[PDB]
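Working notes for the structure below.
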Amino acid sequence: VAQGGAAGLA
Amino acid sequence: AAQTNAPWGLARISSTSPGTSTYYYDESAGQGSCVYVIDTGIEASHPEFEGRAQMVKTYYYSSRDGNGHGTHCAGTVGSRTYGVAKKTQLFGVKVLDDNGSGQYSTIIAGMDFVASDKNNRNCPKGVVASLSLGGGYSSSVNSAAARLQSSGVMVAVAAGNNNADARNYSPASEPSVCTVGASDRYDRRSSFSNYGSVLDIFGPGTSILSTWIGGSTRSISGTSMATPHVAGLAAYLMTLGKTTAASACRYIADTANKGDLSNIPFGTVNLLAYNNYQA
Ligand SMILES: [Ca+2]
Ligand SMILES: [Ca+2]
């Protein structure tokens, strides 16, 4: 997903 | 062409072994392709983009990245120092707010917006979509990414930062997009990276240095720093003429470095994106 740099899709 | 002293994952993308520091790539550098980064937004004014980045849509009052996250991702794709595709064209679609969250309906809408927007955008070499986003399993979210892939867009999506099977996570589990897991400096799957038979490829996702808001830079980890690496590899590969939106994921896996990764669960591919450029 979002905020500050990180990642997702889960 | 050779970028000396390149961030680790760039060099890792042009090498067969770990511990290298130079990034090797064709000087065409993804010119003529366009990458839509769906997210928090993109700081288009970042000099690392050189007038090649651009806000194309918001679902909010502001079309700016007030998080940073989108900018970081868009920089691994195409910034000049941190980017895989150093001359590609970058388009911003703000479906995530400044905290870095968004509802499903708005991120489905943003996927559907690109489907149509790309027809009136000058991208002669092809169009890619990078989705460093995701959440619980959703059949509408998987459907939307399937349509986007189906419209002729190479769709790369994050596996999920849960260290569990990516099958229970929304765009991730869509079998038709290119689902990206993360790896570290030492050729191990990143500890937080999801796995599962749904993944197609792994990219560098740990301690990934890129652009940040405020004309600056920042280093962060996640399946989200891994996605844009394979997103920029596609645009670069598509601009080389080697593959196209429809065949791209298959071609990247078929040419990946195989069996190099450790800590890979059984049933998960052991493939790491590779640009195949020896000098
Ligand atoms: Ca797939
Ligand atoms: Ca590689």
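Order determines the names: the first chain of the structure tokens is A, the second B, and so forth; residues in each chain are numbered 1 upward, and ligands are numbered 1 upward as they are shown.
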
Check your understanding: DSSP says helix (DSSP H, G or I) for which residues of region 60-276 of chain B? Put them as a PyMOL selection string?
Key -> chain B and resi 69-78+105-120+139-150+166-168+170-173+223-239+248-254

Point to revise | Test item: residues at most 9 Å from residue 6 (chain A), only C-alpha atoms, excluding those fewer than 2 positions along its chain, as an MDAnalysis selection string | key: (chainID A and resid 1:4 8) or (chainID B and resid 69 72 132 161 220:225)

Write a file of the just-selected residues containing N, CA and C atoms, as a compact mmCIF listing (two decimals), in the first residue's frame.
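File selection.txt, as written:
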```
# COMPACT_ATOMS: atom_id res chain seq x y z
N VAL A 1 0.80 -1.22 0.00
CA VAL A 1 0.00 0.00 0.00
C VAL A 1 0.85 1.29 0.00
N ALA A 2 0.69 2.10 1.07
CA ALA A 2 1.32 3.44 1.08
C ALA A 2 2.23 3.87 2.28
N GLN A 3 1.84 5.03 2.85
CA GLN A 3 2.77 5.97 3.58
C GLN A 3 4.22 5.56 3.50
N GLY A 4 4.98 6.57 3.82
CA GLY A 4 6.45 6.64 3.84
C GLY A 4 7.23 5.38 3.36
N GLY A 8 3.32 -3.16 0.07
CA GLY A 8 2.01 -3.82 0.37
C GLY A 8 1.53 -4.94 -0.62
N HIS B 69 5.99 8.13 -0.06
CA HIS B 69 6.00 6.77 -0.56
C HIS B 69 5.90 6.75 -2.09
N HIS B 72 9.19 7.48 -3.86
CA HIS B 72 10.24 6.48 -3.66
C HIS B 72 10.12 5.36 -4.70
N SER B 132 2.43 -0.84 -5.90
CA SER B 132 3.00 -1.18 -4.59
C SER B 132 1.92 -0.85 -3.56
N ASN B 161 3.84 -7.37 2.31
CA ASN B 161 4.91 -7.29 3.32
C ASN B 161 4.46 -8.20 4.69
N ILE B 220 14.33 2.46 2.24
CA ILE B 220 13.26 1.75 2.94
C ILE B 220 13.09 0.35 2.39
N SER B 221 12.41 -0.53 3.10
CA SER B 221 12.27 -1.92 2.70
C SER B 221 10.82 -2.28 2.41
N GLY B 222 10.58 -3.28 1.58
CA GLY B 222 9.27 -3.82 1.35
C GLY B 222 9.04 -4.40 -0.02
N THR B 223 7.98 -5.21 -0.17
CA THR B 223 7.61 -5.68 -1.51
C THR B 223 7.23 -4.53 -2.43
N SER B 224 7.10 -3.39 -1.84
CA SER B 224 6.75 -2.17 -2.56
C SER B 224 8.06 -1.57 -3.37
N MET B 225 9.38 -1.68 -2.81
CA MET B 225 10.77 -1.19 -3.46
C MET B 225 11.15 -2.18 -4.59
```

**Study point:** Spatial neighbours of region 267-271 of chain B, 10 Å, only C-alpha atoms, chain gap at least 2 places, as JSON, numbers by chain
**Key:** {"B": [165, 181, 189, 194, 195, 196, 197, 198, 199, 200, 201, 202, 203, 252, 253, 254, 255, 256, 257, 258, 259, 260, 261, 262, 263, 264, 265, 273, 274]}

Sorted per-residue table, chain B near chain A, closest atoms and distance, 8 Å, only C-alpha atoms, as JSON lines:
```
{"residue": "B:39", "atom": "CA", "partner": "A:2", "partner_atom": "CA", "distance": 6.9}
{"residue": "B:40", "atom": "CA", "partner": "A:2", "partner_atom": "CA", "distance": 6.4}
{"residue": "B:67", "atom": "CA", "partner": "A:3", "partner_atom": "CA", "distance": 5.2}
{"residue": "B:68", "atom": "CA", "partner": "A:4", "partner_atom": "CA", "distance": 5.2}
{"residue": "B:69", "atom": "CA", "partner": "A:5", "partner_atom": "CA", "distance": 3.9}
{"residue": "B:70", "atom": "CA", "partner": "A:5", "partner_atom": "CA", "distance": 7.3}
{"residue": "B:72", "atom": "CA", "partner": "A:5", "partner_atom": "CA", "distance": 5.8}
{"residue": "B:73", "atom": "CA", "partner": "A:5", "partner_atom": "CA", "distance": 7.2}
{"residue": "B:96", "atom": "CA", "partner": "A:2", "partner_atom": "CA", "distance": 6.6}
{"residue": "B:98", "atom": "CA", "partner": "A:3", "partner_atom": "CA", "distance": 6.4}
{"residue": "B:99", "atom": "CA", "partner": "A:3", "partner_atom": "CA", "distance": 4.6}
{"residue": "B:100", "atom": "CA", "partner": "A:2", "partner_atom": "CA", "distance": 3.5}
{"residue": "B:101", "atom": "CA", "partner": "A:2", "partner_atom": "CA", "distance": 5.7}
{"residue": "B:131", "atom": "CA", "partner": "A:9", "partner_atom": "CA", "distance": 8.0}
{"residue": "B:132", "atom": "CA", "partner": "A:7", "partner_atom": "CA", "distance": 5.5}
{"residue": "B:133", "atom": "CA", "partner": "A:1", "partner_atom": "CA", "distance": 3.1}
{"residue": "B:134", "atom": "CA", "partner": "A:9", "partner_atom": "CA", "distance": 2.7}
{"residue": "B:135", "atom": "CA", "partner": "A:10", "partner_atom": "CA", "distance": 4.2}
{"residue": "B:136", "atom": "CA", "partner": "A:10", "partner_atom": "CA", "distance": 6.4}
{"residue": "B:157", "atom": "CA", "partner": "A:9", "partner_atom": "CA", "distance": 7.0}
{"residue": "B:158", "atom": "CA", "partner": "A:9", "partner_atom": "CA", "distance": 5.0}
{"residue": "B:159", "atom": "CA", "partner": "A:9", "partner_atom": "CA", "distance": 5.6}
{"residue": "B:160", "atom": "CA", "partner": "A:10", "partner_atom": "CA", "distance": 3.8}
{"residue": "B:161", "atom": "CA", "partner": "A:8", "partner_atom": "CA", "distance": 5.4}
{"residue": "B:162", "atom": "CA", "partner": "A:10", "partner_atom": "CA", "distance": 6.5}
{"residue": "B:166", "atom": "CA", "partner": "A:10", "partner_atom": "CA", "distance": 7.3}
{"residue": "B:169", "atom": "CA", "partner": "A:10", "partner_atom": "CA", "distance": 5.2}
{"residue": "B:170", "atom": "CA", "partner": "A:9", "partner_atom": "CA", "distance": 6.2}
{"residue": "B:171", "atom": "CA", "partner": "A:9", "partner_atom": "CA", "distance": 6.2}
{"residue": "B:172", "atom": "CA", "partner": "A:9", "partner_atom": "CA", "distance": 5.6}
{"residue": "B:218", "atom": "CA", "partner": "A:5", "partner_atom": "CA", "distance": 7.9}
{"residue": "B:219", "atom": "CA", "partner": "A:5", "partner_atom": "CA", "distance": 7.8}
{"residue": "B:220", "atom": "CA", "partner": "A:5", "partner_atom": "CA", "distance": 5.7}
{"residue": "B:221", "atom": "CA", "partner": "A:6", "partner_atom": "CA", "distance": 5.8}
{"residue": "B:222", "atom": "CA", "partner": "A:7", "partner_atom": "CA", "distance": 4.8}
{"residue": "B:223", "atom": "CA", "partner": "A:7", "partner_atom": "CA", "distance": 5.2}
{"residue": "B:224", "atom": "CA", "partner": "A:7", "partner_atom": "CA", "distance": 3.5}
{"residue": "B:225", "atom": "CA", "partner": "A:7", "partner_atom": "CA", "distance": 6.8}
```

8 Å from ligand 1 is the threshold here; counting only C-alpha atoms and all ligand atoms, which polymer residues fall inside it? Answer as an mmCIF file with C-alpha atoms, in the first residue's frame.
```cif
data_model
loop_
_atom_site.group_PDB
_atom_site.id
_atom_site.type_symbol
_atom_site.label_atom_id
_atom_site.label_comp_id
_atom_site.auth_asym_id
_atom_site.auth_seq_id
_atom_site.Cartn_x
_atom_site.Cartn_y
_atom_site.Cartn_z
ATOM 1 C CA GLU B 174 -4.900 -12.013 -9.252
ATOM 2 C CA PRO B 175 -3.253 -14.739 -11.316
ATOM 3 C CA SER B 176 -2.946 -12.610 -14.462
ATOM 4 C CA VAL B 177 -0.866 -9.643 -13.215
ATOM 5 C CA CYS B 178 2.876 -9.924 -12.349
ATOM 6 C CA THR B 179 3.086 -10.496 -8.581
ATOM 7 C CA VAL B 198 0.887 -16.835 -6.971
ATOM 8 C CA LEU B 199 4.252 -15.033 -7.046
ATOM 9 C CA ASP B 200 5.939 -14.851 -10.468
ATOM 10 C CA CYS B 249 5.847 -11.291 -17.053
#
```

Check your understanding: What lies within 9 Å of region 83-88 of chain B using only C-alpha atoms, ignoring chain neighbours under 4 positions off, as number ranges by chain?
Key -> B: 10, 13, 23, 25, 27-35, 49, 52-53, 74-79, 210, 228-236, 239

Exercise for review: Please identify all polymer residues within 10 Å of residue 105 (chain B), counting only C-alpha atoms, omitting same-chain residues fewer than 4 positions from it, and present them as a list in words.
Suggested key: residues 95, 109, 110, 140, 141 and 144 of chain B

Please save N, CA, C and O atoms of the selected residues as a compact mmCIF listing (two decimals), in the first residue's frame.
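Saved the output as selection-v2.txt:
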```
# COMPACT_ATOMS: atom_id res chain seq x y z
N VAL B 95 -4.26 7.44 -5.85
CA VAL B 95 -5.36 6.67 -5.28
C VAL B 95 -5.18 6.48 -3.77
O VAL B 95 -6.11 6.05 -3.10
N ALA B 109 -10.95 2.34 -9.24
CA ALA B 109 -11.22 3.42 -10.17
C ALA B 109 -9.95 3.93 -10.84
O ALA B 109 -9.91 4.16 -12.05
N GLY B 110 -8.87 4.06 -10.09
CA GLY B 110 -7.57 4.46 -10.60
C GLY B 110 -6.96 3.47 -11.58
O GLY B 110 -6.29 3.88 -12.54
N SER B 140 -13.13 -7.86 -6.49
CA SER B 140 -13.30 -6.69 -7.34
C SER B 140 -11.92 -6.09 -7.64
O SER B 140 -11.70 -5.59 -8.73
N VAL B 141 -11.07 -6.10 -6.62
CA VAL B 141 -9.71 -5.60 -6.77
C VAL B 141 -8.91 -6.46 -7.74
O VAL B 141 -8.23 -5.92 -8.61
N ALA B 144 -10.31 -5.81 -11.28
CA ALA B 144 -9.87 -4.55 -11.86
C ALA B 144 -8.47 -4.63 -12.44
O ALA B 144 -8.18 -4.03 -13.48
```

**Study point:** Atomic separation - CA of residue 2 (chain B) relative to CA of residue 209 (chain B), Å
**Key:**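 Atom-to-atom, CA of residue 209 (chain B) and CA of residue 2 (chain B) are spaced 18.2 Å apart.
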
Point to revise | Counting only C-alpha atoms, the residue of B:180, B:240, B:90, B:123 that sits nearest residue 44 (chain B) | key: B:90

Name the residues in contact with residue 150 (chain B) at a cut-off of 12 Å, using only C-alpha atoms, excluding same-chain residues fewer than 4 positions from it; report them as a short mmCIF file (atom, residue, chain, number, x, y, z; two decimals) with N, CA and C atoms, in the first residue's frame.
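File written: around_24.cif
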```cif
data_model
loop_
_atom_site.label_atom_id
_atom_site.label_comp_id
_atom_site.auth_asym_id
_atom_site.auth_seq_id
_atom_site.Cartn_x
_atom_site.Cartn_y
_atom_site.Cartn_z
N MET B 111 -7.15 2.17 -11.39
CA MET B 111 -6.74 1.16 -12.35
C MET B 111 -7.52 1.30 -13.66
N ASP B 112 -8.83 1.52 -13.57
CA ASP B 112 -9.71 1.72 -14.70
C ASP B 112 -9.46 3.03 -15.43
N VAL B 114 -6.45 4.38 -15.90
CA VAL B 114 -5.25 4.18 -16.72
C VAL B 114 -5.63 3.42 -18.01
N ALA B 115 -6.55 2.46 -17.85
CA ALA B 115 -7.00 1.66 -18.98
C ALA B 115 -7.38 2.58 -20.14
N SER B 116 -8.10 3.66 -19.83
CA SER B 116 -8.49 4.63 -20.82
C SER B 116 -7.45 5.71 -21.07
N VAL B 128 3.25 0.36 -18.82
CA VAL B 128 3.36 -0.53 -17.66
C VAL B 128 2.63 0.11 -16.48
N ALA B 129 2.13 -0.71 -15.56
CA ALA B 129 1.52 -0.22 -14.35
C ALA B 129 2.21 -0.82 -13.12
N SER B 143 -10.35 -8.45 -10.11
CA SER B 143 -11.02 -8.16 -11.37
C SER B 143 -10.51 -6.89 -12.04
N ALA B 144 -10.31 -5.81 -11.28
CA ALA B 144 -9.87 -4.55 -11.86
C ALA B 144 -8.47 -4.63 -12.44
N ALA B 145 -7.59 -5.37 -11.76
CA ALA B 145 -6.22 -5.55 -12.22
C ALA B 145 -6.17 -6.48 -13.43
N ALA B 146 -7.08 -7.44 -13.49
CA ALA B 146 -7.24 -8.29 -14.66
C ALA B 146 -7.67 -7.53 -15.90
N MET B 154 1.23 -3.75 -18.86
CA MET B 154 2.00 -4.72 -18.06
C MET B 154 1.83 -4.33 -16.59
N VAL B 155 1.05 -5.10 -15.86
CA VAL B 155 0.69 -4.81 -14.48
C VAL B 155 1.57 -5.60 -13.51
N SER B 176 -3.36 -13.14 -13.17
CA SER B 176 -2.95 -12.61 -14.46
C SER B 176 -2.02 -11.41 -14.43
N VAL B 177 -1.81 -10.77 -13.30
CA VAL B 177 -0.87 -9.64 -13.21
C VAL B 177 0.50 -10.19 -12.84
N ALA B 245 3.57 -5.81 -23.44
CA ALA B 245 2.74 -5.85 -22.24
C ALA B 245 2.16 -7.21 -21.93
N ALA B 246 1.62 -7.92 -22.91
CA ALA B 246 1.00 -9.21 -22.73
C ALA B 246 1.96 -10.33 -22.36
N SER B 247 3.15 -10.35 -22.93
CA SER B 247 4.09 -11.44 -22.71
C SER B 247 5.15 -11.14 -21.66
#
```
